[PDB]
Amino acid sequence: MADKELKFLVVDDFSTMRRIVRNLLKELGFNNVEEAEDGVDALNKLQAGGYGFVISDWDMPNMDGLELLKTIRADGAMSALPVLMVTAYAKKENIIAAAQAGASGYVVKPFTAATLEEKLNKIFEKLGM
């Protein structure tokens, strides 16, 4: 995947968390990044079009990560959009629920740039990108 201009949507209800992920993406060479504060805000941005990757926190108010993921997967236009779920604590049940709903990957924060880069690269490879 050589498109460093792949457009990311970073979804988290904590501004600091969104800024962390944006800064790690910047470090890796991904500068085309937008932010959303919950699942509905995210869906509104996604319908504007152009997005290539979603990094979403699991626990958000109003519409959480799992529901956002399900909505994306049920959307004809965005059904195959890569979605990487972020959580503070890995739980078997959550990982399985996310997988059943079509998550592309799942990562525990806090994470480093190297860790994020590995998650991304493994998803690109899994998806044939």
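Throughout, we count residues from 1 along the sequence that is shown.
Visitor: Higher mean Cα B-factor in the deposited model: 96-104 or 73-81?
Guide: Looking at the record's C-alpha B-factors, the answer is 73-81.
Visitor: Quick check on the record: does 82-90 or 54-62 carry the larger mean Cα temperature factor?
Guide: The entry gives the higher C-alpha B-factor average to 82-90.
Visitor: Split the chain's modelled residues into thirds by Cα B-factor; is residue 48 in the lowest, middle or highest one?
Guide: It belongs to the highest third of the chain when residues are ordered by C-alpha B-factor.
Visitor: Against its chain's modelled residues, does residue 16's Cα B factor rank lowest, middle or highest third?
Guide: Within its chain, residue 16 is a middle-third residue by C-alpha B-factor, going by the deposited values.
Visitor: Which third, lowest, middle or highest, does the CA B-factor of residue 68 fall in along this chain?
Guide: Its C-alpha B-factor, which the entry lists for residue 68, ranks in the lowest third among residues of this chain.
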